[PDB]
């Protein structure tokens, strides 16, 4: 079956992380889900906030809390090297966080990588 929270990370053939699409993480009540949603949301929001503060640009974003939550973050093409490298560092940390949530709370979150 499919978990409530779905997280797909897109990687280029050279390993560069291009985007993350997360669904199902909007705030939705009890026995287990709320705390996992909070953890996913914290990682996702801090990822974006860290890019904006430290890398110094705004990524491409699509958001909606409506049908259980939707977040798509996409890295602009042709970023200068320092922005690329900081973004990749944070993106790898975000992926690790989600991968570890999917390992330890596997009935709530699934995390996958796709190629570009």
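Numbering follows the first chain given and starts at 1.
Taking only the CA atoms, which stretch has the higher mean B-factor in the record, 20-28 or 102-110?
That would be 20-28.
Would 38-46 or 56-64 have the larger average of its C-alpha temperature factors, as given in the entry?
So the stretch with the higher mean C-alpha B-factor is 56-64.
Return the residue from 51, 75, 33, 89 that has the highest Cα B-factor in the entry.
Across 51, 75, 33, 89, the entry lists the biggest C-alpha B-factor for 33.
Using only modelled residues of the chain, where does the Cα B factor of residue 115 rank: lowest third, middle third or highest third?
Highest third.
Going by what the PDB entry lists, where does residue 6 fall on CA B-factor within its chain: lowest, middle or highest third?
Answer is lowest: the recorded C-alpha B-factor places it there.
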